[PDB]
There are 2 protein chains.
Amino acid sequence: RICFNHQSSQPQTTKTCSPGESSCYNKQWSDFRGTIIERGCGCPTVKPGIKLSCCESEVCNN
Amino acid sequence: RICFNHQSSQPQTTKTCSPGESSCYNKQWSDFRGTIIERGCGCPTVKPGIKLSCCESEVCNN
């Protein structure tokens, strides 16, 4: 699996996940400065108030 | 949990999920009509090739 791993609106970047990993994630929240987007491989545990989306296809998390 | 449940490009509609349900899903494939999107509560398994995204926040599955 290949997932995007770039932050917010930064130029797209990707990363090769570990073998067996089928998911990518999109973690969104707003801090004092508004919306922030984090992306990567897997489907991590997230804090309350954090919007988490997990998808199962190549670079599905933009 | 509230999730969208409208198909493809129809007007947005929502559904209140069963208690105990915290996920919403977006399932996408294609047919003669174009890109088909199914939305709902939960996080189903899909046939290989079908794009699936699951999210854990209100109306997160547009």
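If you go along the chain as it appears here, the first residue is 1 and each next one adds 1.
If you check the header, you will see the structure was determined by X-ray crystallography, 1.5 Å.
The backbone N, Cα and C atoms fix where each Cβ goes, and this holds for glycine too.
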Choose one of A:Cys41, A:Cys54: the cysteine that Swiss-Prot connects to A:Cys43 by a disulfide bond. A:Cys54
Pick from A:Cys41, A:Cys55: the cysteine that Swiss-Prot pairs with A:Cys17 in a disulfide bond. A:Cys41
As recorded in Swiss-Prot, which of A:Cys3, A:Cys55 forms the disulphide with A:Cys60: A:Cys55
In Å, rounded, how far does the Cα of A:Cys24 (disulfide bond) sit from the Cα of A:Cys41 (disulfide bond)? 4
Listing the recorded positions A:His6, A:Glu38, A:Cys41, A:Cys54, A:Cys55, A:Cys60, which lie under 8 Å (Cβ to Cβ) from chain B? A:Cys54, A:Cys55, A:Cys60
Specify the secondary structure state of A:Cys55 (disulfide bond) as given by DSSP, simplified to three classes. strand
Using a 10 Å radius around each Cβ and all protein chains in view, which of these recorded sites has the most neighbours: A:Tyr25, A:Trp29? A:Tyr25
